[PDB]
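So the sequence lines, in the order shown, correspond to chains G and L.
With the first letter of the first sequence counted as 1, position 45 gets the number 45 in the working numbering; the numbers rise by one all the way through.
With the first letter of the second sequence counted as 1, position 53 gets the number 153 in the working numbering; the numbers rise by one all the way through.
There are 2 protein chains.
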Amino acid sequence: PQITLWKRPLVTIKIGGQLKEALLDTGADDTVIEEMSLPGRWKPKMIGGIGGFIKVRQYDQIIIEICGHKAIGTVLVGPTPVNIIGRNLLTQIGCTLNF
Amino acid sequence: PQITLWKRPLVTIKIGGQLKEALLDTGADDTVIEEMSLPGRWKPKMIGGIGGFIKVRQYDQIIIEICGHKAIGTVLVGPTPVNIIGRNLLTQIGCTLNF
Ligand SMILES: NC(=O)c1ccc(CN[C@H]2CNC[C@@H]2N(Cc2ccc(C(F)(F)F)cc2)S(=O)(=O)c2ccc(C(N)=O)cc2)cc1
Ligand SMILES: [Cl-]
Ligand SMILES: [Cl-]
Ligand SMILES: [Cl-]
């Protein structure tokens, strides 16, 4: 589809068997999801921006379904104010910016 | 143009007569530029980032070029990790997400 930016570009995603609302975020290098269980090993990481930094757990090789498009990649889990789909997964579904 | 997301969508902007690098950030509601001199009065604005909320300065009706596309609108000034072109101006220049 084509998504305009009058409002936040929120979509429904499926991750770890849960449905969640997430923001298509071209400014995010990686995907960041609110606290949840994910299977596998993880390593701690810090990410930040305006307001400072948060600590997240980095899980690799996680499958997420985004608007019917399956993509696999790294997911950071931690206290993000909003669920974020970052570039690492946006590329996999063929998402571009156009103007 | 059509911009893919394998790398950060960094573009050249022109503001206050000077060229700067900025990030096309669909996850940002607003446009936030690093400390510089802008004309006119400013108003207070609280924005929520990944790490918390902070106060920045809001200037309205500011002339700005983004990837050569002329725009006029609201620009916030504050301690941002990189210059950010957010949804307010992305919308104005006709930028959509597509997949
Ligand atoms: N390192 C990572 O992978 C990472 C880092 C941060 C995030 C959170 N998402 C980013 C992108 N959109 C806004 C958000 N932020 C932009 C941003 C942009 C770039 C970077 C950096 F280059 F450092 F990696 C960090 C943060 S933000 O928090 O500074 C922000 C929030 C709101 C607004 C606004 N209202 O205009 C402006 C800026 C997600 C992932
Ligand atoms: Cl990845
Ligand atoms: Cl591609
Ligand atoms: Cl505006």
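Don't be surprised by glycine CBs; every beta carbon is placed ideally from N, CA and C.
If you count every other CB in all the chains shown that lies within 10 Å of the CB of residue i, and 16 or more means buried, which is it?
i: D60 of chain G; result: exposed
i: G94 of chain G; result: exposed
i: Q102 of chain L; result: exposed
i: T4 of chain G; result: exposed
i: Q18 of chain G; result: exposed
i: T112 of chain L; result: exposed
i: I63 of chain G; result: exposed
i: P109 of chain L; result: buried
Quick check: the Cα distance between residue i and residue j, rounded to an integer number of angstroms?
i: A71 of chain G; j: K14 of chain G; result: 11 Å
i: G86 of chain G; j: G168 of chain L; result: 26 Å
i: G27 of chain G; j: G148 of chain L; result: 15 Å
i: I133 of chain L; j: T31 of chain G; result: 24 Å
i: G140 of chain L; j: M146 of chain L; result: 19 Å
i: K20 of chain G; j: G78 of chain G; result: 15 Å
i: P144 of chain L; j: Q158 of chain L; result: 6 Å
i: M136 of chain L; j: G16 of chain G; result: 44 Å
i: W42 of chain G; j: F199 of chain L; result: 30 Å
i: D129 of chain L; j: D29 of chain G; result: 17 Å
Flag this pair as yes or no: are the beta carbons of residue i and residue j separated by less than 7 Å?
i: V56 of chain G; j: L76 of chain G; result: yes
i: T174 of chain L; j: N183 of chain L; result: no
i: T80 of chain G; j: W106 of chain L; result: no
i: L197 of chain L; j: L24 of chain G; result: yes
i: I66 of chain G; j: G151 of chain L; result: no
What are the boundary residues of the alpha helix (DSSP H) that residue i is part of?
i: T191 of chain L; result: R187 to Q192
Hey, quick one: how far does the beta strand (DSSP E) through residue i stretch, first residue to last?
i: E65 of chain G; result: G52 to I66
i: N198 of chain L; result: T196 to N198
i: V77 of chain G; result: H69 to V77
i: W42 of chain G; result: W42 to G49
i: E121 of chain L; result: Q118 to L124
i: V82 of chain G; result: First-last for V82 of chain G: undefined, no H or E at that position.
Can we count residue i as close to ligand 6, meaning its CB is less than 6 Å from some heavy atom?
i: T91 of chain G; result: Ligand 6 is not part of the structure shown, which contains ligand 1, ligand 2, ligand 3 and ligand 4 as its ligands.
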